[PDB]
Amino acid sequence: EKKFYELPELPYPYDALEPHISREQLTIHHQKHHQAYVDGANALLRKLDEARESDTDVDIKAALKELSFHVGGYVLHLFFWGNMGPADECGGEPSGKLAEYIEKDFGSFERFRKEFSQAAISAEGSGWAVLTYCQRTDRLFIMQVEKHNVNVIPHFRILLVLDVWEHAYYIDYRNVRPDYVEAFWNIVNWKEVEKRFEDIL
(Lines of atoms letter the chains of each structure in order from A and count residues from 1; the text may use other names and numbers.)
(Lines give C-alpha, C1' and ligand atoms only; values in the text may rest on other atoms or scores of the structure.)
Protein backbone atom coordinates (compact mmCIF):
# COMPACT_ATOMS: atom_id res chain seq x y z
CA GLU A 1 0.00 0.00 0.00
CA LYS A 2 0.95 3.55 -0.97
CA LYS A 3 2.89 6.15 0.99
CA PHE A 4 2.82 9.94 1.09
CA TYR A 5 4.56 13.10 2.21
CA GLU A 6 4.06 14.63 5.64
CA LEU A 7 5.06 17.96 7.16
CA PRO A 8 8.14 17.20 9.28
CA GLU A 9 8.27 18.64 12.77
CA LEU A 10 10.86 21.34 13.38
CA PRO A 11 13.98 20.26 15.35
CA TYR A 12 13.16 23.07 17.78
CA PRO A 13 10.42 25.47 18.96
CA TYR A 14 9.16 28.23 16.67
CA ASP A 15 10.98 30.86 18.70
CA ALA A 16 14.24 28.91 18.78
CA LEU A 17 15.79 31.10 16.09
CA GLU A 18 15.01 34.59 17.39
CA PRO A 19 16.01 37.33 17.05
CA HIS A 20 17.36 36.30 13.66
CA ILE A 21 14.24 34.58 12.40
CA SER A 22 11.15 35.56 14.36
CA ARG A 23 8.61 33.15 15.76
CA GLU A 24 5.99 34.59 13.42
CA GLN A 25 8.31 34.34 10.41
CA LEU A 26 9.22 30.72 11.17
CA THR A 27 5.70 29.57 12.00
CA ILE A 28 4.11 30.62 8.76
CA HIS A 29 7.06 29.52 6.54
CA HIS A 30 6.74 26.08 8.11
CA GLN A 31 3.01 25.70 8.49
CA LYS A 32 1.76 27.42 5.37
CA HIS A 33 4.38 27.13 2.64
CA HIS A 34 6.25 23.96 3.51
CA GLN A 35 2.80 22.44 4.06
CA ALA A 36 1.72 23.62 0.61
CA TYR A 37 4.53 21.59 -0.99
CA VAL A 38 3.55 18.49 0.97
CA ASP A 39 -0.01 18.87 -0.27
CA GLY A 40 1.11 19.77 -3.79
CA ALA A 41 3.28 16.70 -4.08
CA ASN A 42 0.62 14.44 -2.56
CA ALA A 43 -2.23 15.67 -4.77
CA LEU A 44 -0.04 14.91 -7.74
CA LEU A 45 0.97 11.48 -6.52
CA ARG A 46 -2.70 10.59 -6.17
CA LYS A 47 -3.42 11.96 -9.63
CA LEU A 48 -0.73 9.74 -11.16
CA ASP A 49 -1.88 6.74 -9.10
CA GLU A 50 -5.43 7.19 -10.30
CA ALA A 51 -4.38 7.35 -13.94
CA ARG A 52 -2.40 4.15 -13.48
CA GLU A 53 -5.21 2.25 -11.77
CA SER A 54 -7.68 3.28 -14.47
CA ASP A 55 -4.94 2.82 -17.08
CA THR A 56 -5.72 6.22 -18.58
CA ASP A 57 -3.57 8.95 -20.12
CA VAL A 58 -2.15 11.91 -18.26
CA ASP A 59 -0.28 14.99 -19.35
CA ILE A 60 3.00 13.78 -17.90
CA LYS A 61 5.01 16.77 -19.07
CA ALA A 62 2.83 19.01 -16.94
CA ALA A 63 2.70 16.42 -14.15
CA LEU A 64 6.46 15.89 -13.87
CA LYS A 65 7.22 19.62 -14.07
CA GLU A 66 4.84 20.23 -11.21
CA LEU A 67 6.11 17.19 -9.30
CA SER A 68 9.68 18.41 -9.47
CA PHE A 69 8.51 21.79 -8.16
CA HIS A 70 6.70 20.50 -5.07
CA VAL A 71 9.01 17.66 -4.16
CA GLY A 72 11.88 20.09 -4.56
CA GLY A 73 10.00 22.42 -2.28
CA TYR A 74 9.50 19.60 0.20
CA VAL A 75 13.11 18.37 0.09
CA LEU A 76 14.80 21.79 0.32
CA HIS A 77 12.68 23.00 3.27
CA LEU A 78 13.50 19.69 4.96
CA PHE A 79 17.27 20.28 4.79
CA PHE A 80 16.80 23.99 5.52
CA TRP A 81 15.20 23.45 8.94
CA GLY A 82 17.83 20.86 9.63
CA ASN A 83 20.86 23.08 9.08
CA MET A 84 19.64 25.79 11.42
CA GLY A 85 19.34 25.92 15.18
CA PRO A 86 19.45 28.18 18.30
CA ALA A 87 22.07 30.92 17.94
CA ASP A 88 23.76 30.03 21.22
CA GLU A 89 24.33 26.48 20.01
CA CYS A 90 25.03 27.32 16.39
CA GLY A 91 26.61 29.86 14.08
CA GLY A 92 30.36 30.22 14.24
CA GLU A 93 32.25 28.34 11.57
CA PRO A 94 32.63 24.66 10.70
CA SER A 95 35.48 22.35 11.65
CA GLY A 96 36.85 18.99 10.59
CA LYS A 97 36.89 17.90 6.96
CA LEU A 98 34.24 20.41 5.92
CA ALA A 99 36.48 23.16 7.28
CA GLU A 100 39.41 21.73 5.33
CA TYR A 101 37.43 21.51 2.08
CA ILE A 102 36.06 25.02 2.42
CA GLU A 103 39.64 26.22 2.76
CA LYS A 104 41.07 24.36 -0.20
CA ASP A 105 38.12 25.06 -2.50
CA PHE A 106 37.41 28.65 -1.50
CA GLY A 107 40.70 29.75 0.03
CA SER A 108 39.07 30.70 3.33
CA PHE A 109 35.82 30.57 5.24
CA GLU A 110 35.36 34.28 4.57
CA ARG A 111 35.57 33.74 0.82
CA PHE A 112 33.04 30.90 1.09
CA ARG A 113 30.72 32.88 3.34
CA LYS A 114 30.83 35.73 0.86
CA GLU A 115 30.32 33.71 -2.31
CA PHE A 116 27.48 31.73 -0.69
CA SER A 117 25.96 35.04 0.39
CA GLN A 118 26.13 36.47 -3.12
CA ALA A 119 24.52 33.28 -4.37
CA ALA A 120 21.62 33.89 -2.00
CA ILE A 121 21.30 37.64 -2.43
CA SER A 122 21.57 37.75 -6.20
CA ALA A 123 18.98 35.06 -6.98
CA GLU A 124 16.38 36.45 -9.37
CA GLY A 125 13.10 35.99 -7.56
CA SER A 126 12.34 32.82 -5.59
CA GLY A 127 15.19 30.44 -4.95
CA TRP A 128 17.97 29.01 -2.79
CA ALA A 129 21.68 28.91 -2.27
CA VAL A 130 22.84 25.32 -1.81
CA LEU A 131 26.24 23.84 -0.99
CA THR A 132 27.11 20.47 -2.54
CA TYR A 133 30.08 18.30 -3.57
CA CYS A 134 31.52 16.76 -6.75
CA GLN A 135 32.82 13.35 -5.95
CA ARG A 136 34.43 13.33 -9.41
CA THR A 137 36.68 16.41 -9.04
CA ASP A 138 36.61 16.29 -5.24
CA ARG A 139 35.37 19.90 -4.96
CA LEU A 140 32.65 21.73 -3.04
CA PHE A 141 30.22 23.44 -5.44
CA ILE A 142 27.65 26.11 -4.77
CA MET A 143 24.45 26.07 -6.81
CA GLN A 144 21.87 28.83 -7.11
CA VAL A 145 18.47 27.20 -7.39
CA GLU A 146 15.58 29.18 -8.84
CA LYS A 147 12.20 28.17 -7.52
CA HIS A 148 12.82 24.71 -6.06
CA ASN A 149 14.06 22.94 -9.18
CA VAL A 150 15.79 25.24 -11.66
CA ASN A 151 19.54 25.34 -12.32
CA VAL A 152 20.20 22.30 -10.19
CA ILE A 153 22.77 19.63 -11.02
CA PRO A 154 21.00 16.27 -11.07
CA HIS A 155 22.39 13.63 -8.69
CA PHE A 156 24.36 16.04 -6.47
CA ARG A 157 23.58 15.84 -2.76
CA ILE A 158 22.66 18.58 -0.30
CA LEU A 159 25.05 19.82 2.38
CA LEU A 160 23.86 23.33 3.26
CA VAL A 161 20.73 25.18 2.19
CA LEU A 162 19.49 28.76 2.50
CA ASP A 163 15.90 29.67 1.50
CA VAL A 164 15.70 33.04 -0.19
CA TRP A 165 12.14 32.92 -1.41
CA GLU A 166 10.56 36.17 -0.26
CA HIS A 167 8.21 34.25 2.06
CA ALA A 168 11.24 33.22 4.10
CA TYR A 169 12.09 36.76 5.25
CA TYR A 170 9.58 39.34 4.14
CA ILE A 171 7.86 39.48 7.53
CA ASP A 172 11.07 40.15 9.45
CA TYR A 173 13.11 42.04 6.85
CA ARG A 174 10.66 43.13 4.17
CA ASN A 175 12.64 43.85 1.01
CA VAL A 176 16.04 43.75 2.70
CA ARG A 177 17.21 40.27 1.74
CA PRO A 178 20.84 41.02 2.63
CA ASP A 179 20.02 41.55 6.32
CA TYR A 180 18.24 38.20 6.37
CA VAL A 181 21.17 36.46 4.66
CA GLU A 182 23.52 38.10 7.17
CA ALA A 183 21.37 37.00 10.13
CA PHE A 184 21.39 33.45 8.76
CA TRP A 185 25.05 32.90 9.62
CA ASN A 186 24.17 33.28 13.29
CA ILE A 187 21.99 30.19 13.20
CA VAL A 188 23.70 27.82 10.76
CA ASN A 189 23.99 24.36 12.34
CA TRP A 190 27.48 23.32 11.22
CA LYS A 191 27.26 20.06 13.16
CA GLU A 192 24.50 18.91 10.81
CA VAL A 193 26.24 20.12 7.66
CA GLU A 194 29.43 18.45 8.85
CA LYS A 195 27.52 15.22 9.38
CA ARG A 196 25.91 15.40 5.93
CA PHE A 197 29.30 15.99 4.36
CA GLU A 198 30.80 12.93 6.00
CA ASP A 199 28.20 10.56 4.57
CA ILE A 200 29.43 11.26 1.07
CA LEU A 201 33.15 11.28 1.93
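Each residue number is its position in the shown sequence, starting from 1.
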Hey, which bit's got the bigger mean C-alpha B factor in the entry, 39 to 47 or 54 to 62? 54 to 62
With B-factors read from the PDB entry, the higher C-alpha mean of 154 to 162 and 23 to 31 is in 23 to 31
Out of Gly91, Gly73, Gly82, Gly125, whose C-alpha atom has the biggest B factor in the entry? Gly91
Among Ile121, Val130, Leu78, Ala87, where is the Cα temperature factor highest, going by the PDB entry? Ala87
Report the third (lowest, middle or highest) to which the CA temperature factor of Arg174 belongs, ranking only the modelled residues of the same chain. highest
For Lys147, the third of its chain into which the C-alpha B factor falls: lowest
